[PDB]
Amino acid sequence: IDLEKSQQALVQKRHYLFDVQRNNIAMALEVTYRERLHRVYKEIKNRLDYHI
Amino acid sequence: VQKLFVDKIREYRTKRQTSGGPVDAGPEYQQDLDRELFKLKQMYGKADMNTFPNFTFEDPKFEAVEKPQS
């Protein structure tokens with residue numbers, strides 16, 4: 001019973017690490033997205049801020 | 001004192017005849033407006049007139065995990 005349930009609960013542990021990998025790389029790519037937009041949003045004010 | 005009311009408007013109109021900024025600046029207004037123009041740029045930054053944002057970002061490299069299992 002245990003050697004059956006050792007492989008049973010293992011494959012539910014194998015699929016947990018692929019849910020965690022699929023959202024981590026999807027989010028860590030996404031955190032650089034608006035941060036690329038933020039710096040251009042930053043720079044377009046600073047050239048306006050210098051003139052005013 | 002409406003006789004003083006006319007006499008500070010009429011010597012305000014004389015100031016409205018201007019050619020190049022200050023009337024009696026000399027070395028005074030030329031040095032001060034240049035000393036102050038640096039200080040609005042000195043601790044602020046080096047910025048041109050119209051240059052857009054020019055850069056490039058690199059994201060985190062997605063490494064893999066090795067796992068002999070079962």
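With K and R counted +1 and D and E -1, the other residues having a Cβ less than 11 Å from that of B:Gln69 yield a net charge of +2. Can you give the translational diffusion coefficient of region B:1-58 in µm²/s, computed by Stokes-Einstein from the Kirkwood radius over Cα pairs at 25 °C and 0.890 mPa s? This corresponds to a translational diffusion coefficient of 153 µm²/s.
Rg to Rh ratio, chain A, alpha-carbon atoms and Kirkwood radius?
On the way: Rg = 23.3 Å, Rh = 14.9 Å.
When Rh is taken as the Kirkwood radius, the ratio is 1.57.
Put simply, the protein assembly as shown fits an ellipsoid with semi-axes of 73, 17, 11 Å; these come from the alpha carbon gyration tensor as the roots of five times its eigenvalues, largest first. Charge dipole of chain B (Cα centre as origin; +1 on each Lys and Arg Cβ, -1 on each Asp and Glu Cβ, all else neutral): 660 debye, rounded to the nearest 20. Of the residues B:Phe55, B:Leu4, B:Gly26, the one whose Cα sits farthest toward the positive end of the charge dipole of chain B, with +1 on the Cβ of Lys and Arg and -1 on the Cβ of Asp and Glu, is B:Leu4.
Okay, helix-only estimate at 222 nm for chain A: each DSSP H run of n ≥ 4 adds -39500 (n - 2.57), divide by all residues, round to 500 deg cm²/dmol; what do you get?
Numbers: 2 runs with 49 residues, N = 52.
Mean residue ellipticity, 222 nm, calculated: -33500 deg cm²/dmol.
Positive contributions from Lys and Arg (+1) and negative ones from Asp and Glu (-1), summed over other residues with Cβ under 15 Å from the Cβ of B:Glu11, come out at +4. Listed by chain and number, the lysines whose alpha-carbon sits under 29 Å from that of B:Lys46, ignoring those within fewer than 8 places in the same chain, are A:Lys42, A:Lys45. Neighbour counts of C-beta atoms inside 10 Å place A:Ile25, A:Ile52 in the sequence A:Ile52, A:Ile25, starting with the fewest.
Quick reminder, even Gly has a Cβ in these numbers, built from the backbone with ideal geometry, and neighbours come from all protein chains shown. Each value in this text was obtained by applying a stated rule to the coordinates, not by laboratory testing.
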